[PDB]
Amino acid sequence: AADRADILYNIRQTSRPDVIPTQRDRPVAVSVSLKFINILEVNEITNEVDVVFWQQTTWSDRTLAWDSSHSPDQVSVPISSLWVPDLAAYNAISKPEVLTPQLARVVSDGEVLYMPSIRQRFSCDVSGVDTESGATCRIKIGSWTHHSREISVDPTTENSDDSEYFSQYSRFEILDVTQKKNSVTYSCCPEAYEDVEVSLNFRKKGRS
Amino acid sequence: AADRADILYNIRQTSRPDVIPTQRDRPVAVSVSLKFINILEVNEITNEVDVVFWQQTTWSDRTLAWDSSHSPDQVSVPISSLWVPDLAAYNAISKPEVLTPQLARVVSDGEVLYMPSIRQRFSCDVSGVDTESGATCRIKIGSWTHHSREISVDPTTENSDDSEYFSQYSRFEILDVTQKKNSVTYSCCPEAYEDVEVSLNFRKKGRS
Amino acid sequence: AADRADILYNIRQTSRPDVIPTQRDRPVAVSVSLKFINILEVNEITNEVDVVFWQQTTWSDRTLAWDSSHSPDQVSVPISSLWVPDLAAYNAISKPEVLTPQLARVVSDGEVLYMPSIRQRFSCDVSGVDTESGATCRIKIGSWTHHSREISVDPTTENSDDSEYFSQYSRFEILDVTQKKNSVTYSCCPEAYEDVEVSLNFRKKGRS
Amino acid sequence: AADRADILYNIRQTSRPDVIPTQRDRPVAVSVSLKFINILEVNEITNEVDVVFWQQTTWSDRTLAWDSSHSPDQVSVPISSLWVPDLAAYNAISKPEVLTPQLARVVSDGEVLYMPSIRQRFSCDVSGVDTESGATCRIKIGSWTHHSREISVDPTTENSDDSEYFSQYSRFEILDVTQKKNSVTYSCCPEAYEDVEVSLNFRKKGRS
Amino acid sequence: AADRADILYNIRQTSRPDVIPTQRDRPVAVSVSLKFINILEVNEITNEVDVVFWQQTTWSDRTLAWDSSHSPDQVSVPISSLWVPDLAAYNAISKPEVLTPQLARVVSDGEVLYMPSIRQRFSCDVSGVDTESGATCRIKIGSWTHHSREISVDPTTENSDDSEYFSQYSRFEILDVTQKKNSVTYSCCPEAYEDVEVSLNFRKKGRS
Ligand SMILES: O=[N+]([O-])/C=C1\NCCN1Cc1ccc(Cl)nc1
Ligand SMILES: O=[N+]([O-])/C=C1\NCCN1Cc1ccc(Cl)nc1
Ligand SMILES: O=[N+]([O-])/C=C1\NCCN1Cc1ccc(Cl)nc1
Ligand SMILES: O=[N+]([O-])/C=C1\NCCN1Cc1ccc(Cl)nc1
Ligand SMILES: O=[N+]([O-])/C=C1\NCCN1Cc1ccc(Cl)nc1
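- The deposited coordinates for this entry were obtained by X-ray crystallography, with a reported resolution of 2.30 Å.

1. What about the overall build of chain A?
Inference 1: Scanning chain A for helices and strands turns up one helix and 12 strands.
Inference 2: Ordering the α and β elements of chain A from the N terminus gives α-β-β-β-β-β-β-β-β-β-β-β-β.
Inference 3: Principal-axis analysis of the C-alpha atoms gives chain A an extent of 65 × 40 × 30 Å.
Inference 4: Considering only intrachain contacts with a sequence separation of at least 6, the fraction spanning at least 24 residues in chain A is 76%.
Inference 5: For chain A, the accessible surface area stands at approximately 8,900 Å², while carbon and sulfur atoms represent 43% of it.
Inference 6: Charge-centre separation for chain A: the mean point of 21 positive side chains lies 2 Å from the mean point of 30 negative side chains.

2. Some details on the nonpolar core
All names here are of chain D.
Inference 1: Judged by nonpolar contacts, the single largest core of 51 residues is most densely connected at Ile 11, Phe 36, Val 49, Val 106, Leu 200 and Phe 202.
Inference 2: The element that contributes the greatest number of residues to this core is strand β1 (residues 28–43), accounting for seven residues.
Inference 3: Excluding residues within four positions of it along the chain, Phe 202 makes contact with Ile 39, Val 42, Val 49, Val 129, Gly 134, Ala 135, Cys 137, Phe 172, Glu 173, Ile 174 and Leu 175.

3. Considerations on the relation of the copies chain E and chain C
Inference 1: Once chain E is rotated about the relating axis by 70 degrees and shifted along it by 0.1 Å, it coincides with chain C to within an RMSD of 0.7 Å. These values place the two chain copies in the arrangement generated by a five-fold rotation axis. Minimal C-alpha distance to the rotation axis in chain E is attained by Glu 97 of chain E, lying at 11 Å.

4. Things to note about the interface of chain B and chain A
Inference 1: Facing 29 residues of chain B, the contacting portion of chain A comprises 29 residues.
Inference 2: Taking both sides of the interface into account, the surface hidden between chain B and chain A amounts to around 2,400 Å²; carbon and sulfur atoms contribute 56%.
Inference 3: Linking chain B with chain A are two salt bridges.
Inference 4: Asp 18 of chain B is the salt-bridge partner of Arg 12 of chain A, the closest N and O atoms lying 2.6 Å from each other.

5. Remarks on the site of ligand 3
Inference 1: Lining the immediate surroundings of ligand 3 are 13 residues, of which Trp 144 and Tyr 193 of chain A together with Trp 54, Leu 113 and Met 115 of chain D lie closest.
Inference 2: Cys 188 of chain A is positioned with one of its backbone polar atoms (N or O) 3.4 Å from an oxygen atom of ligand 3.
Inference 3: A distance of 3.2 Å separates an oxygen atom of ligand 3 from a polar atom in the side chain of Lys 35 of chain D.
Inference 4: Relative to its free-state accessible area of 430 Å², ligand 3 is covered by the protein chains to the extent of 100%.
Inference 5: For the shell around ligand 3, a count of residues per class yields 10 nonpolar, one polar and two charged.

6. Structural notes on the sheet that holds strand β4 (residues 87–89) of chain A
Strand pairing in a sheet takes place through backbone hydrogen bonds and is either antiparallel or parallel in direction.
All names here are of chain A.
Inference 1: Spatially, the four strands line up as an open sheet ordered β4-β9-β12-β11, and their pairing is antiparallel. Because the sheet does not close on itself, it has two edges, and the strands there are β4 and β11 (172–184). Sheet twist, expressed as the mean angle between neighbouring strand axes with direction ignored, is 20 degrees.
Inference 2: Where β4 lies against strand β9 (residues 135–143), three bridges are found, and the strand directions are antiparallel. Among the inter-strand pairings, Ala 89 is bridged to a residue of β9, identified as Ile 141.

7. Points about the arrangement of the chains
Inference 1: Among the five pairs of chains in contact, the pair with the most contacts is chains C and E.
Inference 2: Between chain B and chain D there is no contact, and the shortest C-alpha to C-alpha distance separating them is 18 Å.
Inference 3: Across the gap from chain A to chain E, with no contact made, the nearest C-alpha atoms are 18 Å apart.

8. Observations concerning the pattern of salt bridges
Inference 1: Overall, the coordinates contain 64 salt bridges over all chains when judged by the stated rule.
Inference 2: Between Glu 48 of chain B and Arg 121 of chain B there is a salt bridge; the shortest N-O distance is 3.1 Å. A residue pair is termed long-range when its members are at least 10 positions apart, and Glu 48 of chain B in strand β2 (residues 48–60) and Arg 121 of chain B in strand β8 (residues 117–123) qualify at 73 residues. For the pair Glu 48 of chain B and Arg 121 of chain B, a shared accessibility class is recorded, and that class is buried.
Inference 3: A salt bridge links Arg 203 of chain E to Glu 173 of chain E; its shortest N-O distance comes to 3.1 Å. With a gap of 30 residues between them, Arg 203 of chain E in strand β12 (residues 193–204) and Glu 173 of chain E in strand β11 (residues 172–184) connect regions that are remote in the sequence.
Inference 4: The class of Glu 173 of chain E is partly exposed, set by a relative accessible area of 24%.
Inference 5: Taken together, the shared-partner salt bridges connect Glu 41, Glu 48, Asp 50, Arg 119 and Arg 121 of chain A into one network.

9. Let's talk about the side chain of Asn 47 of chain E
Inference 1: Structurally, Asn 47 of chain E can be placed in the loop between β1 (28–43) and β2 (48–60).
Inference 2: By relative accessible area, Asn 47 of chain E is classed as buried at 14%.
Inference 3: At a separation of 3.3 Å, a polar atom in the side chain of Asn 47 of chain E contacts the main-chain carbonyl oxygen of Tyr 169 of chain C.
Inference 4: In contact with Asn 47 of chain E, other than residues within four places in its own chain, are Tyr 169 of chain C together with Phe 122, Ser 123, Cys 124, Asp 125, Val 126 and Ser 127 of chain E.

10. Points about the side chain of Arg 4 of chain B
Inference 1: Here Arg 4 of chain B is to be found in helix α1 (residues 4–14).
Inference 2: We note that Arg 4 of chain B is buried and unpaired, the nearest opposite charge coming from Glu 150 of chain C at a distance of 4.3 Å.
Inference 3: Separated by 3.1 Å, the side chains of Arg 4 of chain B and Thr 22 of chain C make a polar contact.
Inference 4: Contact partners of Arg 4 of chain B, with chain neighbours within four places excluded, come to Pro 72 and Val 75 of chain B together with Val 19, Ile 20, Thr 22, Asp 25 and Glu 150 of chain C.

Thresholds, definitions, all that
For each chain, numbering restarts from 1 and follows the sequence as written, which can differ from how the entry numbers it; residues lacking coordinates are not listed. As they are written, the chains are lettered A onward and the ligands numbered 1 onward, keeping that order. Note: side-chain values were computed over all heavy atoms of the structure, leaving out hydrogens and water. Each helix is a run of DSSP H or I of at least 4 residues and each strand a run of E of at least 2, with the numbering of both proceeding from the N terminus. We call two residues in contact when some of their heavy atoms are within 4.5 Å. All accessible-area figures derive from a Shrake-Rupley calculation using a 1.4 Å probe, and residue coverage is judged against the displayed protein chains alone. Only four residue types enter the charge count: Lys and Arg as positive, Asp and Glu as negative, with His and the chain ends excluded. A single reference atom marks each charge: NZ on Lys, CZ on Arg, CG on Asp, CD on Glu. Put simply, a nonpolar core is a bunch of buried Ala, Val, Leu, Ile, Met, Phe, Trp, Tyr and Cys residues held in one set by side-chain atoms that sit within 4.5 Å of each other. Burial classes: relative accessible area under 20% of the type maximum marks a residue as buried, over 50% as exposed, and values in between as partly exposed (1.4 Å probe, protein chains only). Note that copies are overlaid through least squares, fitting their C-alpha atoms. Computed with a 1.4 Å rolling probe, the buried area is the accessible surface lost when two parts are put together, summed over both parts. Basic side-chain nitrogens of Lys or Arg form a salt bridge, by our definition, when they fall within 4 Å of a carboxyl oxygen of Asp or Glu. Throughout this document, a residue counts as near a molecule or strand when at least one of its heavy atoms sits within 4 Å of that molecule or strand. Here a polar contact is taken to be a pair of N or O atoms separated by no more than 3.5 Å, where protein atoms must pair a possible hydrogen donor with a possible acceptor and residues adjacent in sequence count only if both atoms sit in side chains. Put simply, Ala, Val, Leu, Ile, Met, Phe, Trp, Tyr, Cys and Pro go in the nonpolar bin, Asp, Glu, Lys and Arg in the charged bin, and everything else, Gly too, in the polar bin. Following DSSP output, two strands are said to pair if at least two bridges run between them. Axis angles are defined between N-to-C directions and span 0 to 180 degrees, where every axis is a line fitted to C-alpha atoms and, for a helix, only to the segment in contact.

The structure is reproduced here in structure tokens:
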């Protein structure tokens, strides 16, 4: 009869925060979805935008699974005690500013969810933000050091209201957000690196 | 009997900072209460405010309980030695800047009080701030990863002077502050997350 | 004899940085005095000031005492190795920017001295800063979690020249500084908290 | 027949982060290559630029080698666990801001690859940035404390688009980039510190 | 013979980062020399300047000495493994932004050198910066907690051009640098603290 103190204790034993949990010989499947919450400073001259969003991130780590028959099925764990994808926004020009406690949710079957609220500035296409069609800023997120055979990233395919959580007090409004996937092979290495491109179509409110 | 050294030593032995102190199978009852100290910046156009407040937070942790029979009934302890509610302001657009020493007060009975002074920026309704009826900025604070069955949040209905500790030198003045309990559900999970909605009715000071 | 290394080793053995060193069952007498070095960014419209000052702090911790008959009677020690009063400036709107090496000076009898040069911004009365009588900004500094029975704060009775170390290059000049003691009771607790009130009377320099 | 866990373990076990991994008695051969991603802010009056670039850095540490016949021959490793070249931009006027996860890639032969995306400000010739011939900002990168006998610096001679990864939304465009091997010496001593001079020839984009 | 790893281990096993390396009861003789690299933000209205310099620091700890007849004569060591002078710029109004890897150089005879490149804002006489005679900004640096009998600082009146490494791209030029020494007693203690005062004579570069 283990409690929550036991679950965390035995997770610290099996978990290796620096060892990607590749099962057999397959890549770790990381799903990523960006819940846009706000759009702050926007500079059409420099093509920069300050965005706030909840980066819903999920994956499975079997080395964490336990028996939930006489124990809770889920627990909150500091991410510093788990392995986490080394995701990076390729066109970000400031490091990600995490606004929420850095805790992930771990399910007895090894499923992991981490959804930090992040504030980050980006280099993207802002032109057209003050027009009916709006501007389309594309955000590219993917593993920085794990190629396609170690980590694959796919947008959590779930038809959701693009502005379900978007602040109603923002000067901007979201016209549409589309998430796509891509595989790129750089110089350094022969293997491909997967990324997800989130396109944020938005414009200023109250235009003539 | 014992001294402050023993109390902290003991807290050190039984305290589990990363384990939510749920006694039995019910949620930890956390009380939240904001005391507004200042309103530094307000933007009528972007609907943004920069404020300073004391986030009075209390909860119970049985494991820390000790007999004050012949020793102090209270000690100041670094929050890094205790478990703390993973509270977050859902509409905040900046990381919380804790202006005070990160020490919590622990009562011999396991009661915990943590009151950090915090400066933080929020996205909220600033319209009407320049009028007699002022503006109403609602700030939502609740656990980030613990749903209703693990954490409950309720305000401290201590009907006091909303501007009791408010700075007299601020450019704004407080008209009224009300704290309402609120529940919310999201995608990830079926169970809802509780939060305390703080309505700050304030306006600019002056004639006209 | 004994060397500075021995002194530091033993200090580290007896020092309980997280335990207030109360003698008998009395409060630790903490002396606080400010030496103003500069006045940087004044704003009479927002009633905010950016100030640089030396926070001369002294207290006693007998549990760090040693025999200096054949050894040195003083050593510099990192503050992390010592218990330090959890002092806070009640009307500060930015956390303190400690500009100096965080080392405290310890005497063999247990007297501790810690004097960091601090740059911090405050919310205070800036009205009249550009008039002959200048403005009077009052700074309140005291323990954040230790009430009167645990910590007592008193302004060092000394009387250095108010602007003896104040930069001659500031746009402003000090007209007078008075540091008075004070006590305050809150909503959380029946026992009061002590604080020193420092009144900085200053003005922008004239011309001719 | 060892998995990634054993590999990383071994690496954390034999790696000496503070000891230069000198093979026999020849300097450590470090290769440095900059891949400009953006030119954020430019000032022709103060000869100062703000640029983002991927700093491709490679070297060898034979002690980390492991038999990958029946095991992975490449793992991601926290640079904190490894010895890393103490490279510095000699004409940088700001601390390098690493925007990406600080992980290096280690091959089973001891080859170490580290490519952090960095944002940093430099003091360099910006004159002509607004002409068809644009400006030429030269950035010097080399070891800060290891002269030529301890560390050698060489540009990863690899033909490729000078702006293959440069932002298309930037306000500037890259005309050419030449990375030349070179060295620096100081009065005091005969010691010679090798570096890589990266010539960034760019100009303001024409709105046409 | 001994390799670099053996040299480090010996250093780590005898150097005491928190213990000043005093000889008998003689004060540690520290050498300070500033090599200006740039003069960035300059404000004659507020008398503030942003300066980038190499803070060449020298001292010795003979207990770290080894035989280099058949072993390296020098090694780079993280300053966190060494005792380092607690130097502070008295008229600095910003904490130092260390731009270079924080590694020192220890020589086999016990000498230790540390040359961090630093950017710091100073409060000093900026008046006359736009004239032929320019301005004279005096920078004062010395130990913060070690008086004259524990540490003595001396300006290396070595032969070297003032703007030998000074940037050509700065909006200013150096006219003459002179280093003097001083000793001061403060309202806290009886013993005096030494310091080196650097007078930087610079002016706005003009086509005259
Ligand atoms: O949108 N969601 O699915 C969920 C949430 N949005 C804001 C807080 N929230 C709850 C939550 C659940 C799991 C984790 Cl790891 N972090 C936060
Ligand atoms: O408002 N209050 O109830 C109490 C306080 N306000 C400012 C300092 N203060 C004292 C205090 C007590 C306990 C804790 Cl945990 N922190 C601060
Ligand atoms: O540009 N490149 O050559 C390579 C890359 N650019 C972005 C991610 N990427 C992959 C990568 C591989 C190993 C390391 Cl150490 N860092 C990054
Ligand atoms: O001026 N010098 O003699 C030497 C140097 N100036 C800038 C870097 N540099 C090399 C150097 C030497 C010793 C140390 Cl400890 N750090 C850097
Ligand atoms: O003003 N004073 O009394 C003393 C000082 N002012 C600047 C440096 N200084 C010396 C000093 C002594 C002890 C400690 Cl703990 N810190 C600084």
